[PDB]
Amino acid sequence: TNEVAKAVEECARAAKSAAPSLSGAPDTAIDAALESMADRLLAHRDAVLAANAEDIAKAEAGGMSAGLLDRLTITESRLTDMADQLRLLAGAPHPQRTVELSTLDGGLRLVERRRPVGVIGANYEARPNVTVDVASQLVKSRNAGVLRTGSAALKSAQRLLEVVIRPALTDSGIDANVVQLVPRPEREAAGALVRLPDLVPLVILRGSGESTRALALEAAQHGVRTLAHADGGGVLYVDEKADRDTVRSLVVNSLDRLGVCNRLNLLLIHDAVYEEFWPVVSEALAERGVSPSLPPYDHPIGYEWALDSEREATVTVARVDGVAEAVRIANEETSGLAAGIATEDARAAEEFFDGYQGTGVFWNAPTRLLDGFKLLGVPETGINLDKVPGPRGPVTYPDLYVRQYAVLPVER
């Protein structure tokens, strides 16, 4: 039997049928539902944490790693973080859904409308808080959702859906079926979620590496769009006119977390200052317990260390001829997520900005800042690396809409 594929389709049809309820909800109701989720999460701590305790106990009996148990575990900090983010999202602005453009010939007028996508899918790790984060962002943007979480977090996610997410929607006058959670432990569910172009045309993929890379390819092959950043890794180019203090700071502050997509991965150093800056670069790398990878390399120049658990505390270093070579390497050998330049020469920075084609470009600023919250003050839906018009780089809730034109009588 096709039980896994069947459960995903069922969730999608249920989300689609309920979606009009969310589409027609006024701003006050959407915001009240988000505020209420925050209140319920804190009011029902005992129930939520109890569900989580069972997942944690179950994961330990299966021999889960201490790092993945950390991600599964809901602490007080993460509980209060969840609620604070829900309230921030509730207070965030709603763009105007109908803008009058002009009158047209024949006693008519034109309006540009923002409509929801409909049903958006999401695949992510066994981290309970992600269920609330994703659910809340789709609700804010009037999109129903089909969520797929790592199986180790199912009970936690289901309790959050039951006690936090749904009652809040219902009290605000929204059909609670607009948020669906795939009830299957099977990892195959993720694949089934990117194969329903008629029901779930867009899927948010939160993962990193080979698994996300495969899901993103499978989706594209089935006509399903994604918001994904399978391959990351920031580039930093140290120019001839760089400042020692700034470089030291950039290196240290781009390596605070070694498993993320927007950390420093490839360090390019202008040949003319290599010898002078290496002592500063070495001091900075040592500060973070990171070792340089020098030629001859054992992997491609753009190899992303964050995806190699065993060797994550590593950074690839290359000496380059100038800005033009730095740009070419950045564009041709990396995924085009983020790249920065360290320099005090405005002309060198301008050339780097004009040449680099990635989603975020930086001048004397760490690539670790490429994040929706850090840049825009609103939660990040998930970075997208497409090379075409539409959402790109950090994605936030106002990106999750489709355009529609409406024409009607001028006096109506």
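Note that residue numbering begins at 1 and tracks the sequence as displayed.
- Look at the C-alpha B-factors of 52 to 60 and of 340 to 348. On average they run higher in 52 to 60.
- The mean Cα B-factor in the deposited entry runs higher for 61 to 69 than for the other of 376 to 384 and 61 to 69.
- Of the candidates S309, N143, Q180, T131, the one whose C-alpha carries the top B factor in the deposited record is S309.
- Which of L202, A214, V139, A152 has the largest Cα B-factor in the deposited entry comes down to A152.
- The deposited CA B-factor of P116 belongs to the lowest third of values across its chain.
- Ranked by Cα temperature factor within the chain, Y237 sits in the lowest third according to the deposited record.
- Residue-level temperature factors show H270 in the middle third of its chain, judged at the C-alpha atom.
- In the PDB entry, a CA B factor belonging to the highest third of its chain's modelled residues is recorded for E186.
- Among the modelled residues of the chain, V281 sits in the middle third by CA temperature factor in this PDB entry.
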